[PDB]
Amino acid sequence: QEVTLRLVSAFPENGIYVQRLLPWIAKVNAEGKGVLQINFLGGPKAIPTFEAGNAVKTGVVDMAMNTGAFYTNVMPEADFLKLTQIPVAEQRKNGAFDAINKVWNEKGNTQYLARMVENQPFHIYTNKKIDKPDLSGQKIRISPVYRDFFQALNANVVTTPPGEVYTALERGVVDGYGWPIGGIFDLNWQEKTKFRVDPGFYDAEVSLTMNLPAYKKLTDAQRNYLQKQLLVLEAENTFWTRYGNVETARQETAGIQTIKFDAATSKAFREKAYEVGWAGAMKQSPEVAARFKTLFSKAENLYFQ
């Protein structure tokens, strides 16, 4: 009657995302005895960051906390969730959530369960000051989130998982990196970060996913309980707006300088991120990308303007 599901984190255990995950697992377990439990396996030391998506697809683990940016090896469509401009509660009402799950099911043998990070724009962080929206000469650490935009800004790019960013900065292998507004202190990157470029762009996606067979094997009661707890997790996404503000102030206090462009240049920079981001998605998966685009836009922005 009680099922135990094995869950891995693609992010380091000392980061904010695992700090959010563990109290939720604790609640699931405390309230789920006799019904459903989650066995947290650990972070990248258990399964490498870029392998967690495949581990879920193949059932080596039941569940993961991960970003689609880390499992483009399963399906390139996985990276598209950075382009959401409505929050997950609204995605559940407008068909976006179901559309995501349809693709994840078919192309990845994966059920898309919940989004536990949103309202976290991405930024360029760098040690080489710029005064225009261009990165010529710079070598920047990335995941797939940033590839299209940073290449369009003339950056050289190199892929690393989050746990190798500190080392890349320490060795001076990169001038900078992409990351959300929040979290740069968790793995001590502030030590080697001089600037953050504004504005931010896209919206970070960190979600829970599950092996599709394992999801289908749940009893109705187990699935209903899991769903209740998944919505409980998402209801706490109000945190992210607070965290963004605190982290922005924390960077200023730490002496990280904000690079700002004028109003027109800033507006065009964020527009460019979305234009090239969607153009890349469209090349990668025309039908899925086009469909997601119509479901991911703000209600106020989806028609003629």
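Numbers for residues come from their place in the sequence shown, where the first is 1.
Trainee: Pick between 108-116 and 184-192: the one whose mean CA B-factor in the entry is higher.
Mentor: The recorded data point to 184-192.
Trainee: Can you tell me whether 279-287 has a higher mean C-alpha B factor than 10-18 in this record, or the other way round?
Mentor: It is 279-287 that shows the higher mean C-alpha B-factor.
Trainee: Select one of 203, 234, 77, 134: the residue whose C-alpha shows the highest B-factor in the crystal structure entry.
Mentor: Spelled out: the listed residue with the top C-alpha B-factor is 134.
Trainee: Per the PDB entry, which option out of 47, 69, 246, 30 has the greatest Cα B factor?
Mentor: Comparing C-alpha B-factors across 47, 69, 246, 30, the maximum falls on 47.
Trainee: Comparing against every modelled residue in the chain, figure out the third that the C-alpha B-factor of residue 239 lands in (lowest, middle or highest).
Mentor: Lowest third - that is where residue 239 ends up once the chain's C-alpha B-factors are sorted.
Trainee: If you rank every modelled residue in this chain by C-alpha B factor, which third holds residue 209: lowest, middle or highest?
Mentor: Lowest third - that is where residue 209 ends up once the chain's C-alpha B-factors are sorted.
Trainee: For residue 172, return the chain-relative third of its C-alpha B-factor as stated in the PDB record: lowest, middle or highest.
Mentor: Tercile = highest for this residue's CA B-factor.
Trainee: By the record's CA B-factor, is residue 103 among the lowest, middle or highest third of residues in the chain?
Mentor: Within its chain, residue 103 is a middle-third residue by C-alpha B-factor, going by the deposited values.
Trainee: Taking the values exactly as deposited, rank residue 129 by C-alpha B-factor within its chain and report the matching third: lowest, middle or highest.
Mentor: For residue 129, whose C-alpha B-factor we compare with every modelled residue in the chain, the answer is the highest third.
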